[PDB]
Amino acid sequence: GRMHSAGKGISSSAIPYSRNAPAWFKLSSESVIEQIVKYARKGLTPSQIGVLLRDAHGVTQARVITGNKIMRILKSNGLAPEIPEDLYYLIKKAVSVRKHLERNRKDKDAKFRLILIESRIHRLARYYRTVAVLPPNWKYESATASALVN
Amino acid sequence: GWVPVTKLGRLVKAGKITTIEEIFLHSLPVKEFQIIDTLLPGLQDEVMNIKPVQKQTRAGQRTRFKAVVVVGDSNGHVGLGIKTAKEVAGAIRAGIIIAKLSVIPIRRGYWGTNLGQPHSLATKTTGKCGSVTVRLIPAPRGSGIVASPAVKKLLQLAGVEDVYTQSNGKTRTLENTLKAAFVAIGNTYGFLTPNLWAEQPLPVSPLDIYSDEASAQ
Amino acid sequence: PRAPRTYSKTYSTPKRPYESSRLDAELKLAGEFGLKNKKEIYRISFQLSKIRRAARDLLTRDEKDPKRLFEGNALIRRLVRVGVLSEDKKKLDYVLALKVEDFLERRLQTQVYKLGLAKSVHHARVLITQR
Amino acid sequence: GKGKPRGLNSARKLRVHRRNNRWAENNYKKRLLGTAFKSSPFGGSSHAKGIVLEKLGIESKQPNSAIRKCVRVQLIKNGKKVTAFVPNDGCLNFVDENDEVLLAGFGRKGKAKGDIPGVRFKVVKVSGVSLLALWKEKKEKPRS
Amino acid sequence: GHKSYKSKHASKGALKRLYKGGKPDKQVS
Amino acid sequence: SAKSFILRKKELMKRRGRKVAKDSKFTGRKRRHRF
Amino acid sequence: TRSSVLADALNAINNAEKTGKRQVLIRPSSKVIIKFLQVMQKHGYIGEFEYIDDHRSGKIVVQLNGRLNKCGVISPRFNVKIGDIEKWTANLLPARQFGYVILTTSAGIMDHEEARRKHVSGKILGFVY
RNA sequence: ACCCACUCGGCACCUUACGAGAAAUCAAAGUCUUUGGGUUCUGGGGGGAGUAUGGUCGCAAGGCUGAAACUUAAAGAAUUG
RNA sequence: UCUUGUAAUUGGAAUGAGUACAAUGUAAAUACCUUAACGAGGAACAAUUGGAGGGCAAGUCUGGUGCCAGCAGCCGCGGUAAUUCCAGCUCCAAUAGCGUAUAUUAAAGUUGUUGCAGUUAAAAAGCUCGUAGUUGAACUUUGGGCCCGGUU
């Protein structure tokens, strides 16, 4: 089930059992790599890059066509963000909910939800700092993290 | 003189059916107790318990007699009889009738290696009837039927010689224990062994073959 | 500061003391062989229990085990030398199948009655005691 | 499942959990507190010796009744006081004050044969001779 | 009728209807 | 009350179908006195 | 979560046996489930099984034929010294002449009588009779 | 908006026992004497007793943790009138 | 026509518990081993300890004492919260031992790793987060061929 909830949904994707080369695609293998480079130069997060690729140009996903995932292409060209996508979005969520809680001092639901979001951030950040993506301390604080995200 | 009233009654009356394994294998049902008497003789009887039971009406108090008895000759064929009648001897007769009507067999075995006319079971088996559980464990040669004397008498009439019996549950009652032990030895016969993995000829229910001389008059 | 002489007890009291089948069989044996009390039946039962325990944990050991070979051969040779098993029953499933009468048959009073010379087992025993 | 740990490396949890559970035992609790040395009448012993402090005719009922009546004795090592059942009648004429009696425990009770309220110390000896042998005229009670 | 309320320790409610009508522990060294 | 207790707990045995001893002038008596 | 795939694989086979089905589907597969089912197939207790291959971890279709009494897993995989083996059998097998308890030794995945013929022992895995 | 057929995820339902139970009953209380998927808390006859003492949070009310001596053979589910 | 039981029926055998020359034994002795002589006719040379409604084996026994606002009337009958108030007979078990007390162990799956239980019988924190602790999806050399050589 969910990590912090009682729900047990299973909505997801399902990659096809075909590891090669969609037949009608027949376009290129590197040209899509410079649209990766171009979109990353624009500043989009890798999930956004994947969804715009499969909505616009017929790329199913980059792992099957290019032979590489999106992040290793972005890191290869050196456009990789400092902290990854998901931790950054979690920090942004925590920041916004703390500003609202700062304005509205009686909202117990936001206090509970913020404790949940903080614990989720802590689990993910501990995973990252034990796999050598963050510096081995990285000290997630409650206030200065605002300047970390925006 | 007994007159057949059913299909297997006509089957056994003329003596065309003699081997009891044809009855057991296809599970031929029986509703009259005379079939086993005309088929298997010598079935020694012994009484478990006869007790008065009271049914209370608006004004009266009817007293009946519940009789439980057992039947088994000496060799792997057992029957238990629960009846309730209006008279003690009639209750014994009805109980032994239903006990001879519900005879089940027993597949015996050796505790360890195979040698010389099996004496015990072939599998540790459970039997449950209302918070009593009889667990039957095979035992070595000449180890004695280590059970309660009623249950020891039950397996002594059965045909086995040495069975360890760890029984768990409130054993102050008798009827629950005897029903649980009956189900235990029944499922002991029902517990499959790989020795029966050989190809079996699969008969076509030989009442079909003998349908010319077992039908209606 | 001297060693102990080791000691044990050859008899064993039964678990359920009061069982009419057990009391009847004990008294039947006592009449049939002329014993003094129930300690003799208990002692033969203890000897038989030891022998059957040895036989059980020898048979649970695999076939052709050298320990099984040596200890089983010694046990069977011993129990045919005393003459409880027969001559042609030199296998362990038979020594699982031993009875107490098969041991009391090989005593002294039973032999000095069975060989004549006494005409009664009680007379046999009192003729033993009188040297 | 079943509500207990089952890992291969969980043995410490099983040990400690068993220790606490065993602290909710009865005989273990009585034993490892050593309370058979502090509050028990006997000091964990089997018998004890005492001086008969007072004798009272506690009959079963009013005169047409059963003669099972007895005394209060003072322990000689502890200094404690307890009631201590004299057995079958005709032995009360053996027992008066200051007789140096030897007491044991009682044991069982049924629906007859003595269901006395908590008097659980049958007297074994009086004056250091016996009580059963004194009952069968085998010996005589010495004069002081 | 009605089944009685079941508790190993008596309720603080029932004890109020019951109750209306210094030295520490010893440890011998 | 010993005789009444034996009377109470003997008739129950017959309802269960269990053999019980017969009654006489030996039921509610001290079979063996203690010490 | 699914803390053991051998456990639920064996449980699924046993529920399909108790009900009276003919073939059963197991998700996911494993090397040890394949080898367990290999031994059980070799001793005849099941029918024949076939590994459906997708890229994730696969599934197994086991074609039963009855004649299997019980299969189960002994977790945790206790260490089993060789002299302990007999004791383990006497704990959880219906008799001694029939039934098997399955070891994972360094000489492979293999039942107890072959574990005695090859004269090796290791961890326990489960049992079948 | 409605109907029809699917599918995922919810809240309850009706019937049954292939199973389980002391019983009422229960798709879980099933897959448990044929007993081992992962894990946390709790319980060991009734009273004495949530009592005594100590610690601890609490302005107070109080809560949290929480015995021992002693005594005692006793203290859930249905049917029957 | 050959086998068991009974009897205030009967007969002769045997033998050590004991006594004791002696000799062995021993540091010297005692005792055991051997043995001259003596040593069994029943109250002898006599066996006890517990028990008898079921557990749990064995009374459809006998007698005595005390009370009854019960019948009879001085004989008695019956009852007797007298938990028998007291003795005897008969029977059962163990046996040169038998009982009792306290502690402990098995039966006990009432400490439960094997192996308990928590709707209602005692027992699932009011709920959620979370550190130590426990536990944690699948995959990486498989298969086939070759000989030699050991055991039933």
# chains A, B, ... in the order shown; residues from 1 in each chain; ligands from 1

$ interface_residues --of "chain H" --to "chain B" --cutoff "10 Å" --atoms "only C-alpha atoms (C1' of nucleotides)" --output "PyMOL selection string"
chain H and resi 21-22+33-34+80-81

$ interface_residues --of "chain C" --to "chain B" --cutoff "10 Å" --atoms "only C-alpha atoms" --output "JSON, numbers by chain"
{"C": [19, 21, 49, 52, 56, 59, 60, 93, 94, 95, 96, 97, 98, 99]}

$ write_last_selection --atoms "N, CA and C atoms" --output "short mmCIF file (atom, residue, chain, number, x, y, z; two decimals), in the first residue's frame"
data_model
loop_
_atom_site.label_atom_id
_atom_site.label_comp_id
_atom_site.auth_asym_id
_atom_site.auth_seq_id
_atom_site.Cartn_x
_atom_site.Cartn_y
_atom_site.Cartn_z
N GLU C 19 -4.21 -50.88 37.55
CA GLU C 19 -4.95 -51.20 36.34
C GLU C 19 -5.25 -52.69 36.37
N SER C 21 -6.22 -54.95 34.28
CA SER C 21 -5.54 -55.79 33.31
C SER C 21 -4.09 -56.02 33.70
N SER C 49 13.06 -53.33 28.57
CA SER C 49 13.00 -51.94 28.14
C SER C 49 14.35 -51.44 27.67
N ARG C 52 15.02 -53.11 24.25
CA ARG C 52 14.22 -52.54 23.17
C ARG C 52 14.65 -51.12 22.83
N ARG C 56 15.79 -50.02 19.15
CA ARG C 56 15.16 -48.91 18.43
C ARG C 56 16.20 -47.93 17.92
N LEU C 59 18.16 -49.43 15.06
CA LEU C 59 17.48 -49.52 13.78
C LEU C 59 17.29 -48.15 13.14
N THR C 60 17.16 -47.09 13.95
CA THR C 60 17.09 -45.76 13.36
C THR C 60 18.39 -45.37 12.69
N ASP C 93 14.10 -57.02 14.18
CA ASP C 93 12.65 -56.92 14.28
C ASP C 93 12.09 -58.00 15.20
N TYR C 94 12.78 -59.13 15.30
CA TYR C 94 12.36 -60.17 16.24
C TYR C 94 12.66 -59.77 17.68
N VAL C 95 13.80 -59.11 17.92
CA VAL C 95 14.10 -58.75 19.31
C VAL C 95 13.27 -57.55 19.74
N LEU C 96 12.68 -56.81 18.80
CA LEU C 96 11.55 -55.96 19.18
C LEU C 96 10.35 -56.76 19.67
N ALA C 97 10.20 -58.00 19.23
CA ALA C 97 9.00 -58.80 19.49
C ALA C 97 9.21 -59.81 20.60
N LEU C 98 9.93 -59.44 21.65
CA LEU C 98 10.19 -60.34 22.76
C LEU C 98 9.17 -60.14 23.87
N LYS C 99 8.84 -61.24 24.55
CA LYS C 99 7.87 -61.22 25.62
C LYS C 99 8.54 -61.60 26.94
#

$ select_by_dssp --residues "stretch 12-65 of chain B" --states "strand (DSSP E or B)" --output "list in words"
residues 45, 46, 47, 48, 49, 50, 51, 52, 53, 54, 55, 56, 61, 62, 63, 64 and 65 of chain B

$ residues_around --residues "residue B:171" --least-positions-apart "5" --cutoff "9 Å" --atoms "only C-alpha atoms (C1' of nucleotides)" --output "ChimeraX atom specification"
/B:132,176-177

$ interface_residues --of "chain G" --to "chain I" --cutoff "7 Å" --atoms "only C-alpha atoms (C1' of nucleotides)" --output "list in words"
residues 3, 30 and 57 of chain G

$ residues_around --residues "stretch 33-40 of chain G" --least-positions-apart "5" --cutoff "10 Å" --atoms "only C-alpha atoms (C1' of nucleotides)" --output "PDB file with N, CA, C and O atoms, in the first residue's frame"
ATOM      1  N   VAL G   5       9.253 -15.628  -1.678  1.00  0.00           N
ATOM      2  CA  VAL G   5       8.527 -16.094  -2.847  1.00  0.00           C
ATOM      3  C   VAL G   5       8.339 -17.599  -2.827  1.00  0.00           C
ATOM      4  O   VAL G   5       7.363 -18.103  -3.402  1.00  0.00           O
ATOM      5  N   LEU G   6       9.230 -18.329  -2.166  1.00  0.00           N
ATOM      6  CA  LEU G   6       9.041 -19.762  -2.027  1.00  0.00           C
ATOM      7  C   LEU G   6       7.852 -20.077  -1.143  1.00  0.00           C
ATOM      8  O   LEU G   6       7.120 -21.036  -1.411  1.00  0.00           O
ATOM      9  N   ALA G   7       7.632 -19.263  -0.112  1.00  0.00           N
ATOM     10  CA  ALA G   7       6.514 -19.478   0.793  1.00  0.00           C
ATOM     11  C   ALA G   7       5.188 -19.361   0.068  1.00  0.00           C
ATOM     12  O   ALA G   7       4.360 -20.273   0.119  1.00  0.00           O
ATOM     13  N   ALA G   9       4.668 -19.354  -3.144  1.00  0.00           N
ATOM     14  CA  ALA G   9       4.595 -20.339  -4.214  1.00  0.00           C
ATOM     15  C   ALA G   9       4.078 -21.671  -3.695  1.00  0.00           C
ATOM     16  O   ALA G   9       3.135 -22.245  -4.255  1.00  0.00           O
ATOM     17  N   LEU G  10       4.654 -22.153  -2.596  1.00  0.00           N
ATOM     18  CA  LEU G  10       4.217 -23.424  -2.036  1.00  0.00           C
ATOM     19  C   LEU G  10       2.798 -23.337  -1.496  1.00  0.00           C
ATOM     20  O   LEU G  10       2.016 -24.284  -1.640  1.00  0.00           O
ATOM     21  N   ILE G  26       1.754 -19.052 -10.612  1.00  0.00           N
ATOM     22  CA  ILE G  26       2.567 -18.565  -9.507  1.00  0.00           C
ATOM     23  C   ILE G  26       3.343 -17.343  -9.961  1.00  0.00           C
ATOM     24  O   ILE G  26       4.069 -17.405 -10.958  1.00  0.00           O
ATOM     25  N   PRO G  28       5.916 -14.318  -8.133  1.00  0.00           N
ATOM     26  CA  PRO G  28       6.824 -14.475  -9.257  1.00  0.00           C
ATOM     27  C   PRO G  28       7.545 -15.790  -9.201  1.00  0.00           C
ATOM     28  O   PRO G  28       7.155 -16.672  -8.454  1.00  0.00           O
ATOM     29  N   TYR G  45       5.513 -35.994  -7.328  1.00  0.00           N
ATOM     30  CA  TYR G  45       4.446 -35.424  -6.520  1.00  0.00           C
ATOM     31  C   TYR G  45       3.627 -34.386  -7.266  1.00  0.00           C
ATOM     32  O   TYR G  45       2.512 -34.081  -6.838  1.00  0.00           O
ATOM     33  N   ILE G  46       4.151 -33.821  -8.349  1.00  0.00           N
ATOM     34  CA  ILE G  46       3.365 -32.909  -9.173  1.00  0.00           C
ATOM     35  C   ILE G  46       3.432 -33.351 -10.621  1.00  0.00           C
ATOM     36  O   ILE G  46       4.041 -34.375 -10.948  1.00  0.00           O
ATOM     37  N   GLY G  47       2.818 -32.571 -11.498  1.00  0.00           N
ATOM     38  CA  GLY G  47       2.794 -32.900 -12.903  1.00  0.00           C
ATOM     39  C   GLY G  47       3.987 -32.300 -13.601  1.00  0.00           C
ATOM     40  O   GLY G  47       5.123 -32.694 -13.326  1.00  0.00           O
ATOM     41  N   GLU G  48       3.762 -31.347 -14.499  1.00  0.00           N
ATOM     42  CA  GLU G  48       4.871 -30.708 -15.196  1.00  0.00           C
ATOM     43  C   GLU G  48       4.628 -29.217 -15.193  1.00  0.00           C
ATOM     44  O   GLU G  48       3.482 -28.771 -15.277  1.00  0.00           O
ATOM     45  N   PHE G  49       5.695 -28.448 -15.072  1.00  0.00           N
ATOM     46  CA  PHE G  49       5.583 -27.010 -14.946  1.00  0.00           C
ATOM     47  C   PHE G  49       6.383 -26.320 -16.034  1.00  0.00           C
ATOM     48  O   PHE G  49       7.304 -26.888 -16.623  1.00  0.00           O
ATOM     49  N   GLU G  50       6.005 -25.076 -16.289  1.00  0.00           N
ATOM     50  CA  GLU G  50       6.511 -24.352 -17.439  1.00  0.00           C
ATOM     51  C   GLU G  50       6.587 -22.872 -17.100  1.00  0.00           C
ATOM     52  O   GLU G  50       5.652 -22.312 -16.523  1.00  0.00           O
ATOM     53  N   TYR G  51       7.711 -22.254 -17.440  1.00  0.00           N
ATOM     54  CA  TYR G  51       8.058 -20.927 -16.945  1.00  0.00           C
ATOM     55  C   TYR G  51       7.665 -19.887 -17.981  1.00  0.00           C
ATOM     56  O   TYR G  51       8.308 -19.754 -19.020  1.00  0.00           O
ATOM     57  N   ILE G  60       5.115 -18.925 -13.228  1.00  0.00           N
ATOM     58  CA  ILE G  60       5.203 -20.370 -13.399  1.00  0.00           C
ATOM     59  C   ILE G  60       3.798 -20.921 -13.541  1.00  0.00           C
ATOM     60  O   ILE G  60       2.894 -20.526 -12.799  1.00  0.00           O
ATOM     61  N   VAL G  62       2.087 -24.515 -13.126  1.00  0.00           N
ATOM     62  CA  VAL G  62       2.318 -25.863 -12.635  1.00  0.00           C
ATOM     63  C   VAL G  62       1.087 -26.686 -12.945  1.00  0.00           C
ATOM     64  O   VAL G  62      -0.007 -26.374 -12.464  1.00  0.00           O
ATOM     65  N   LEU G  68      -0.663 -35.386  -4.498  1.00  0.00           N
ATOM     66  CA  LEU G  68       0.216 -34.656  -3.601  1.00  0.00           C
ATOM     67  C   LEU G  68      -0.535 -34.377  -2.310  1.00  0.00           C
ATOM     68  O   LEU G  68      -1.647 -33.844  -2.342  1.00  0.00           O
ATOM     69  N   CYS G  71       2.768 -29.708   0.806  1.00  0.00           N
ATOM     70  CA  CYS G  71       4.058 -29.077   0.596  1.00  0.00           C
ATOM     71  C   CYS G  71       4.119 -27.843   1.474  1.00  0.00           C
ATOM     72  O   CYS G  71       3.101 -27.184   1.691  1.00  0.00           O
ATOM     73  N   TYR G 100       9.456 -36.376   2.385  1.00  0.00           N
ATOM     74  CA  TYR G 100      10.760 -35.786   2.143  1.00  0.00           C
ATOM     75  C   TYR G 100      10.851 -34.435   2.824  1.00  0.00           C
ATOM     76  O   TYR G 100       9.863 -33.706   2.924  1.00  0.00           O
ATOM     77  N   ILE G 102      13.541 -31.073   2.533  1.00  0.00           N
ATOM     78  CA  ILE G 102      14.413 -30.641   1.451  1.00  0.00           C
ATOM     79  C   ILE G 102      15.489 -29.710   1.982  1.00  0.00           C
ATOM     80  O   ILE G 102      15.196 -28.722   2.661  1.00  0.00           O
ATOM     81  N   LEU G 103      16.740 -30.028   1.680  1.00  0.00           N
ATOM     82  CA  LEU G 103      17.868 -29.227   2.105  1.00  0.00           C
ATOM     83  C   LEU G 103      18.431 -28.435   0.939  1.00  0.00           C
ATOM     84  O   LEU G 103      18.338 -28.828  -0.228  1.00  0.00           O
ATOM     85  N   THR G 104      19.023 -27.308   1.280  1.00  0.00           N
ATOM     86  CA  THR G 104      19.864 -26.536   0.388  1.00  0.00           C
ATOM     87  C   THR G 104      21.272 -26.676   0.935  1.00  0.00           C
ATOM     88  O   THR G 104      21.613 -26.068   1.953  1.00  0.00           O
ATOM     89  N   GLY G 108      24.172 -28.569  -3.683  1.00  0.00           N
ATOM     90  CA  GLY G 108      22.993 -28.266  -4.458  1.00  0.00           C
ATOM     91  C   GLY G 108      21.727 -28.322  -3.627  1.00  0.00           C
ATOM     92  O   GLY G 108      21.744 -28.449  -2.403  1.00  0.00           O
ATOM     93  N   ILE G 109      20.614 -28.213  -4.330  1.00  0.00           N
ATOM     94  CA  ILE G 109      19.278 -28.269  -3.756  1.00  0.00           C
ATOM     95  C   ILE G 109      18.702 -29.666  -3.934  1.00  0.00           C
ATOM     96  O   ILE G 109      18.577 -30.156  -5.065  1.00  0.00           O
ATOM     97  N   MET G 110      18.351 -30.312  -2.818  1.00  0.00           N
ATOM     98  CA  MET G 110      18.344 -31.766  -2.826  1.00  0.00           C
ATOM     99  C   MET G 110      17.693 -32.292  -1.555  1.00  0.00           C
ATOM    100  O   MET G 110      17.776 -31.665  -0.500  1.00  0.00           O
ATOM    101  N   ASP G 111      16.990 -33.416  -1.681  1.00  0.00           N
ATOM    102  CA  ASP G 111      16.205 -33.942  -0.573  1.00  0.00           C
ATOM    103  C   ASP G 111      17.074 -34.767   0.376  1.00  0.00           C
ATOM    104  O   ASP G 111      18.257 -34.997   0.133  1.00  0.00           O
ATOM    105  N   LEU G 125      15.079 -26.037   3.790  1.00  0.00           N
ATOM    106  CA  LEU G 125      14.265 -25.210   2.924  1.00  0.00           C
ATOM    107  C   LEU G 125      12.780 -25.405   3.150  1.00  0.00           C
ATOM    108  O   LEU G 125      12.040 -24.426   3.200  1.00  0.00           O
ATOM    109  N   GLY G 126      12.333 -26.644   3.306  1.00  0.00           N
ATOM    110  CA  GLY G 126      10.916 -26.939   3.364  1.00  0.00           C
ATOM    111  C   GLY G 126      10.713 -28.437   3.347  1.00  0.00           C
ATOM    112  O   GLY G 126      11.628 -29.198   3.647  1.00  0.00           O
ATOM    113  N   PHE G 127       9.509 -28.850   2.975  1.00  0.00           N
ATOM    114  CA  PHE G 127       9.175 -30.266   3.025  1.00  0.00           C
ATOM    115  C   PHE G 127       8.013 -30.557   2.095  1.00  0.00           C
ATOM    116  O   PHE G 127       7.259 -29.662   1.712  1.00  0.00           O
ATOM    117  N   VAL G 128       7.865 -31.832   1.758  1.00  0.00           N
ATOM    118  CA  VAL G 128       6.789 -32.275   0.883  1.00  0.00           C
ATOM    119  C   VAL G 128       6.525 -33.751   1.145  1.00  0.00           C
ATOM    120  O   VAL G 128       7.452 -34.521   1.410  1.00  0.00           O
ATOM    121  N   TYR G 129       5.255 -34.135   1.141  1.00  0.00           N
ATOM    122  CA  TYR G 129       4.888 -35.540   1.184  1.00  0.00           C
ATOM    123  C   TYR G 129       3.560 -35.749   0.481  1.00  0.00           C
ATOM    124  O   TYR G 129       2.863 -34.787   0.169  1.00  0.00           O
TER     125      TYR G 129
END

$ interface_residues --of "chain A" --to "chain I" --cutoff "9 Å" --atoms "only C-alpha atoms (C1' of nucleotides)" --output "count of residues only"
5

$ residues_around --residues "stretch 120-122 of chain I" --least-positions-apart "4" --cutoff "9 Å" --atoms "only C-alpha atoms (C1' of nucleotides)" --output "list in words"
residues 8 of chain E; 24, 43, 44, 76 and 77 of chain H

$ closest_atom_pairs --of "chain F" --to "chain B" --cutoff "9 Å" --atoms "only C-alpha atoms" --output "Markdown table"
| residue | atom | partner | partner_atom | distance |
| --- | --- | --- | --- | --- |
| F:14 | CA | B:51 | CA | 7.3 |
| F:15 | CA | B:52 | CA | 5.8 |
| F:16 | CA | B:51 | CA | 5.6 |
| F:17 | CA | B:51 | CA | 4.0 |
| F:18 | CA | B:49 | CA | 7.7 |

$ write_last_selection --atoms "N, CA and C atoms" --output "PDB file, in the first residue's frame"
ATOM      1  N   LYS F  14     -25.047 -42.011  37.239  1.00  0.00           N
ATOM      2  CA  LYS F  14     -25.943 -42.911  36.518  1.00  0.00           C
ATOM      3  C   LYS F  14     -26.578 -42.223  35.319  1.00  0.00           C
ATOM      4  N   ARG F  15     -26.771 -40.906  35.399  1.00  0.00           N
ATOM      5  CA  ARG F  15     -27.271 -40.167  34.246  1.00  0.00           C
ATOM      6  C   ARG F  15     -26.246 -40.159  33.121  1.00  0.00           C
ATOM      7  N   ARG F  16     -24.961 -40.176  33.470  1.00  0.00           N
ATOM      8  CA  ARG F  16     -23.893 -40.245  32.482  1.00  0.00           C
ATOM      9  C   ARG F  16     -23.695 -41.647  31.923  1.00  0.00           C
ATOM     10  N   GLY F  17     -24.394 -42.643  32.456  1.00  0.00           N
ATOM     11  CA  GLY F  17     -24.213 -44.007  32.002  1.00  0.00           C
ATOM     12  C   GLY F  17     -22.988 -44.686  32.566  1.00  0.00           C
ATOM     13  N   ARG F  18     -22.577 -44.309  33.773  1.00  0.00           N
ATOM     14  CA  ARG F  18     -21.400 -44.869  34.417  1.00  0.00           C
ATOM     15  C   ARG F  18     -21.818 -45.734  35.598  1.00  0.00           C
TER      16      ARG F  18
END

$ closest_atom_pairs --of "chain I" --to "chain C" --cutoff "8 Å" --atoms "only C-alpha atoms (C1' of nucleotides)" --output "Markdown table"
| residue | atom | partner | partner_atom | distance |
| --- | --- | --- | --- | --- |
| I:14 | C1' | C:130 | CA | 7.3 |
| I:15 | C1' | C:130 | CA | 5.3 |
| I:16 | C1' | C:130 | CA | 7.9 |
| I:56 | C1' | C:18 | CA | 6.8 |
| I:57 | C1' | C:18 | CA | 6.6 |
| I:95 | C1' | C:37 | CA | 7.5 |

$ write_last_selection --atoms "C-alpha atoms (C1' of nucleotides)" --output "PDB file, in the first residue's frame"
ATOM      1  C1'   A I  14      14.871 -80.748  53.594  1.00  0.00           C
ATOM      2  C1'   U I  15      17.218 -76.469  55.299  1.00  0.00           C
ATOM      3  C1'   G I  16      19.234 -71.968  57.514  1.00  0.00           C
ATOM      4  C1'   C I  56      -8.491 -45.764  42.507  1.00  0.00           C
ATOM      5  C1'   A I  57      -8.031 -52.161  43.699  1.00  0.00           C
ATOM      6  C1'   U I  95       6.528 -56.010  50.882  1.00  0.00           C
TER       7        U I  95
END
